[PDB]
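Below sits a lone chain in C-alpha cells, taken as the form deposited without uracil (URA).
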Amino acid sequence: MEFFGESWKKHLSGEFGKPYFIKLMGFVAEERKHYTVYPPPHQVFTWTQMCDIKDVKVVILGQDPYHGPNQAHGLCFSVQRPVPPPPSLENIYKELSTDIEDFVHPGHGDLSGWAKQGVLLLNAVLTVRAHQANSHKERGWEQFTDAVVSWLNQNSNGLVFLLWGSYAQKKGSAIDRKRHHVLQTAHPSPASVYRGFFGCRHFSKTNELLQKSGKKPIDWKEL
C-alpha cells in the first residue's frame, strides 16, 4: 500500500530507473526543502489510486496542480473537503450544468467520484511551487506523463482524451487520433475559459463517444 496504485506501478515502474526520473524526483525534493510544493508528497500520485489502469475510459488532462495552499491533491481540478471549489472548478461545474441536464453543483470540489468511474484526472506536470503556476514544467514531468498517455494509447482502445489548455494539448501528438478520440479546448481557468471551454460540451460528447464504443457512460453527477 503506498503512493502508486498497484496496476499503475506495474506498468510505469520502468520509468523509475531512467535518468530523467531520478533527476526529476531529485529536483522536486530540493525544491521542497526551499519552498512549499503542491501537492504533498503522498498526494502527487493520487491519480493512480482511484481505479485500475485497465479500467480508465476517459482522460481529462490539465496543465499543472493548483498552487494555492491545500488545494491540489493529485487529481486534476479536484479539491478535498472542506476546501471550496477553486475558480477553474466552478467553471467546470458551470459548463457541466448547461451541458448535462441533471447535473447540479455537488456542494464540494472533490472529483474522486469521476476518477473511480474510470476518468484519469492527470495534469501534464505533477508538482508546482507555491503561488507560481507551471513553475515545474520542463523538469521531467512531461516525459513521465508522456509515458502514462503512451501506455493508455497503446494498450487501451476507444478512450476519450480531453485536453484542456495549451500544455495538456502538447500531448496530442502521442494519441492515435483514429484509435482514440481527442477533444481539445481552453483551460477552464477564468483567465482562459472564455476561449472555448464554456460551450465545449466535452462531458456530453464524451458519453456519446463512449456509448458508440459500447462503454457505459460516465455519471458526471456521481460525486
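One rule holds for the numbers: they count along the sequence shown, beginning at 1.
The question of which stretch, 33 to 41 or 175 to 183, has the higher mean Cα B factor is settled in favour of 175 to 183. The mean C-alpha temperature factor is higher for 210 to 218 when 9 to 17 and 210 to 218 are set side by side. Highest CA B-factor among the listed residues (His136, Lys116, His73, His131): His131.
Considering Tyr167, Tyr194, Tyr66, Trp47 together, the PDB entry gives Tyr194 the largest C-alpha B factor.
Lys205: CA B factor lies in the middle third for its chain, per the PDB record. Looking at the C-alpha B-factors along this chain, the one for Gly140 belongs to the lowest third. Among the modelled residues of its chain, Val104 has a C-alpha B-factor that falls in the highest third, as given in the PDB entry. When the CA B factors of the chain's modelled residues are split into thirds, the value for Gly158 lands in the highest one. Residue-level temperature factors show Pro188 in the middle third of its chain, judged at the C-alpha atom.
The same protein also exists as the form solved in complex with uracil (URA); that form is not shown, yet it is the one meant from here on.
Though the partner is left out of this view, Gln63 does reach within 4.5 Å of uracil (URA) in the entry with it bound, counting heavy atoms only. Interface membership of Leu120, defined by any non-hydrogen atom within 4.5 Å of uracil (URA) in the entry with it bound, is ruled out. Of the heavy atoms in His181, none are within 4.5 Å of uracil (URA) in the entry with it bound. Residue contact check for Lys57: none of its heavy atoms lie within 4.5 Å of uracil (URA) in the entry with it bound. Here the chain stands alone, but in the entry with it bound its contact with uracil (URA), taken as any heavy atom within 4.5 Å, falls in 73 to 81 among 73 to 81, 142 to 150, 112 to 120, 95 to 103.
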